[PDB]
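Chains as they are written, first to last, in the deposited numbering: chain A, 2 to 158; chain B, 2 to 158; chain D, 2 to 158; chain C, 2 to 158.
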């Protein structure tokens, strides 16, 4: 059924104080939105990071997958750069799925990879430690982030 | 040495396109804010969950630690409930540090634990799968959330 | 062209410092979005307030106009309640246009009427003082808010 | 009497449905914060725009009034540029009051002047039509915006 209807029931449950965790139908919908996506925009300009994300997502959906034409480094001026990058992509690209990776919050907070639907809803996300504290090959780090973000909502790669 | 001056310089690196990841100085400030915290507000009404968070943070700070007087279940109507709870606590309680736990994003997106400073900046966070995807005792999960949120920015428990 | 391309151009102008205020085409896009809207959701339960908003918007578009099924008073816990109400409506109802009215910001900040498109972009808005500073019949107040929000982007009813 | 405590009472009124518009005490607090402000930061680099805002605030308060070291035009990549500018200033400058002016929402949506307190709360704001809709010397526009923003919360120039 439609996402708006699934969310409506959840909002009502919360209003009437019977909300007890996520529902099965909610997780299937998130899975369905990701899986049945036809267009994905990855909010990055770095071609390496894009390859990894693209190669991964090509295994779970049959979608046209695109990189961002403009420099999103300016999202690092906002409080949560990763969401900002995703919303930037939402504003300049028509798509079913937006995947953005950048800093979590304040300088020093490390990185977030986030996945948004066509309305900018946060479907899933994953975090990584600061590179100051724990340096790692960025190809393996993104690979692990994407894997967690997908597996935590029931999609296994 | 004040946070504002460090973030400024980080913002300048992004503006002039020389920003290449987080800095050591940035990490120390975040560590300082959390470690030297004297007043902490936990944006929850669940006394169990508060107990776990309080006990953990007392191992890293000598701080007066308080729970929220009001029901934050209404935050679950927003796009990112966990963050909303923190900003609610920020709005009605004076404190050095704010810790909030709730839904990540949309229904089904699992849970987020966040730590905010006195200006609502995002210092660090952690994520967990929905109990639908992975069941777990909520006391051990929350303990795991806080420890990761602390450890990913270099704070040992 | 599509909204996504118009915004892309504007963003490019700001990044590369050729942006000098809004463009004429950008203005037409917002107007077109309001006029050709086929489904409108008013984020309220107040049927009185709904009447005024519905009747006015029927003067500018031939659209299905709907009221919110749920209580949006809990948005008043957020930093900007009116926007929150729009985003709540956006989450649980499929529509071309979302119109929300509520508190601007902090308690005392007065009221905001905001209009959002299907992706939650802010197309236009208008404000009113707290009834503390200037009392007014709420039906004329809202009618006044809506007309200005429409007139400020060049739409006369 | 402290702002967090008045907001708590307001939040409680909204939660248990006793909230009936803004209260007198709330507006006095916003007035105090603005009038008794000791440090004000204007989120701009434009000395003309800074002059007007500074000139105006000097008639209502005796405050140190400062301009931003960095260019906040990149806030135009976010969904609500004026607010983003305010939060950029909040992140990199210690102050009692933050005044930001920029675009309201999407391209074409016109301009917003907003005033934030030291925790990033929206105290008051004003809007202007796009310069496409009504041309005006920007010095008179900003002056009219600020004056509208102050009088609507009860502060006269």
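For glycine and all other residues, C-beta sits at the position ideal for the given N, C-alpha and C.
**Prompt:** Going straight from the alpha carbon of residue 145(C) to that of residue 156(D), what length do you get?
**Reply:** One C-alpha to the other measures close to 22 Å.
**Message:** Considering just the uninterrupted stretch of the alpha helix (DSSP H) at residue 85(D), what are its terminal residues?
**Reply:** Secondary structure note for residue 85(D): its alpha helix (DSSP H) is the uninterrupted segment 82-93.
**Prompt:** Going by DSSP, what residues sit across from residue 104(A) in a beta bridge?
**Reply:** In the DSSP output, where bridge partners are listed per residue, residue 104(A) has 112(A).
**Message:** Here's the rule I'm using: 16 or more other beta-carbon atoms within 10 Å means buried, otherwise exposed. How should residue 70(D) be labelled?
**Reply:** The residue in question, residue 70(D), is exposed, as its Cβ has fewer than 16 Cβ neighbours within 10 Å.
**Request:** Assign residue 77(B) to one of two classes, buried (16 or more other C-beta atoms within 10 Å of its C-beta) or exposed (fewer than that).
**Result:** Buried: at least 16 other Cβ atoms inside 10 Å.
**Beta carbon proximity, residue 68(A) to chain B, threshold 9 Å** = Chain B has no Cβ within less than 9 Å of the Cβ of residue 68(A).
**Message:** On the DSSP bridge list, what partners appear for residue 44(B)?
**Reply:** Residue 44(B) is bridged to 101(B).
**Message:** Do residue 103(A) and residue 73(A) have their beta-carbon atoms positioned less than 9 Å apart in this structure?
**Reply:** Against a cut-off of 9 Å, the Cβ pair of residue 103(A) and residue 73(A) comes out as a contact.
**Message:** Give me the chain A residues within the contact set of residue 16(D), using Cβ-Cβ distance strictly less than 8 Å, ordered along the chain.
**Reply:** The contacting residues are 71, 72 and 75.
**Message:** Check this for me: beta carbons of residue 87(C) and residue 53(C), under 9 Å apart or not?
**Reply:** Between residue 87(C) and residue 53(C), the C-beta gap is not smaller than 9 Å, which leaves the two residues out of contact.
**Asked** DSSP on residue 140(B), reduced to helix/strand/coil?
**Response** Residue 140(B): helix per DSSP, three-state reduction.
**Asked** Of the residues 45(A), 41(A), 68(A) and 122(A), which one's Cα is nearest the Cα of residue 58(A)?
**Response** Closest by C-alpha distance to residue 58(A), out of 45(A), 41(A), 68(A) and 122(A), is 41(A).
**Asked** Which bits of chain A does residue 25(B) rub up against, with CB to CB less than 7 Å?
**Response** Ordered by position in chain A, the residues that pass the 7 Å Cβ test against residue 25(B) are 133.
**Item:** Span of the alpha helix (DSSP H), counted from its first residue to its last, around residue 26(D)
**Value:** Note, residue 26(D): alpha helix (DSSP H), 25-36.
**Request:** Give the interface partners of residue 117(B) over in chain D, defined as CB-CB distance under 8 Å, in chain order.
**Result:** None at all; the shortest Cβ gap to chain D is about 13 Å.
**Request:** Name, in chain order, the residues that DSSP records as bridge partners for residue 127(D).
**Result:** Note: residue 127(D) sits in a beta bridge opposite 114(D).
**Asked** residue 14(A) by DSSP, collapsed to three states: which one?
**Response** If DSSP states are grouped into helix, strand and coil, residue 14(A) belongs with the helices.
**Message:** Using DSSP's beta-bridge definition, name the partner residues of residue 67(D).
**Reply:** In the DSSP output, where bridge partners are listed per residue, residue 67(D) has 42(D).
**Of the residues 99(D), 93(D) and 132(D), the one placed nearest residue 83(D), counting alpha carbons only** = When each option's Cα is compared against that of residue 83(D), the closest is 99(D).
**Asked** How long is the line joining the alpha carbons of residue 64(C) and residue 151(C), rounded to whole angstroms?
**Response** If I take the Cα positions, the gap works out to 16 Å.
**Message:** Just verifying my parser: in three-state terms, what is the DSSP assignment at residue 19(D)?
**Reply:** Note: residue 19(D) maps to coil in three-state DSSP.
**Message:** Measuring only the C-alpha atoms, how far is residue 137(A) from residue 61(B)?
**Reply:** Taking the straight line from one Cα to the other gives about 27 Å.
**Neighbour list for residue 57(A) in chain D, Cβ cutoff strictly below 9 Å** = Correct list: empty, because the minimum Cβ distance to chain D is about 25 Å.
**Asked** Which same chain residues, not among the five before or five after residue 14(D), have their C-beta less than 6 Å away from its C-beta?
**Response** Leaving aside the five residues that flank residue 14(D) on each side, the residues in its chain whose CB is nearer than 6 Å to its CB run, in chain order, 20.
**Item:** Contacting positions in the region 84-103 of chain A - beta carbon closer than 8 Å to chain C
**Value:** Within the region 84-103 of chain A, the residues whose Cβ lies closer than 8 Å to some Cβ of chain C are 85, 88, 89 and 92, listed in chain order.
**Request:** Check the Cβ of residue 80(C) against every Cβ in chain D and list those closer than 9 Å, keeping chain order.
**Result:** By Cβ distance, chain D contributes 121, 122 and 123.
**Asked** Roughly how many angstroms separate the alpha carbons of residue 147(A) and residue 120(A), rounded to a whole number?
**Response** Rounded to whole angstroms, residue 147(A) to residue 120(A) spans 20 Å at the Cα level.
**Prompt:** Alpha carbon to alpha carbon, how far is residue 181(B) from residue 117(B)?
**Reply:** Past the boundaries of the shown model lies residue 181(B); chain B is included only from 2 to 158, so the question cannot be answered.
**Asked** Looking only at C-alpha atoms, which of 49(A), 66(A), 43(A) and 11(A) sits nearest to residue 141(A)?
**Response** Ranking the options by Cα distance to residue 141(A), first place goes to 49(A).
**Item:** residue 6(A) versus residue 39(B) - alpha carbon distance
**Value:** C-alpha separation (whole angstroms): 44 Å.
**Distance cut-off 8 Å: residue 22(B) Cβ against heavy atoms of the ligand FAD** = This structure lacks the ligand FAD; in fact it carries no ligand of any kind.
**Item:** Buried versus exposed call for residue 36(D) [16 or more other C-beta atoms within 10 Å across all chains shown]
**Value:** Exposure of residue 36(D) is indicated by the presence of fewer than 16 other C-beta atoms within 10 angstroms of its C-beta.
**Item:** chain A contact residues for residue 38(B), given Cβ-Cβ distances below 7 Å
**Value:** The contacting residues do not exist; residue 38(B) stays about 15 Å from chain A at best.
**Request:** Ignore the nearest five residues each way along the sequence and tell me which others in residue 30(C)'s own chain have a CB closer than 6 Å to its CB.
**Result:** Counting only Cβ-Cβ distances below 6 Å, and skipping sequence neighbours, we find 4 and 7.
**Request:** Under 8 Å by Cβ, that's how I've got residue 149(B) and residue 109(A) pegged, so tell me the actual separation to the nearest angstrom.
**Result:** In fact, because the Cβ distance is near 16 Å, the residues do not count as touching under 8 Å.
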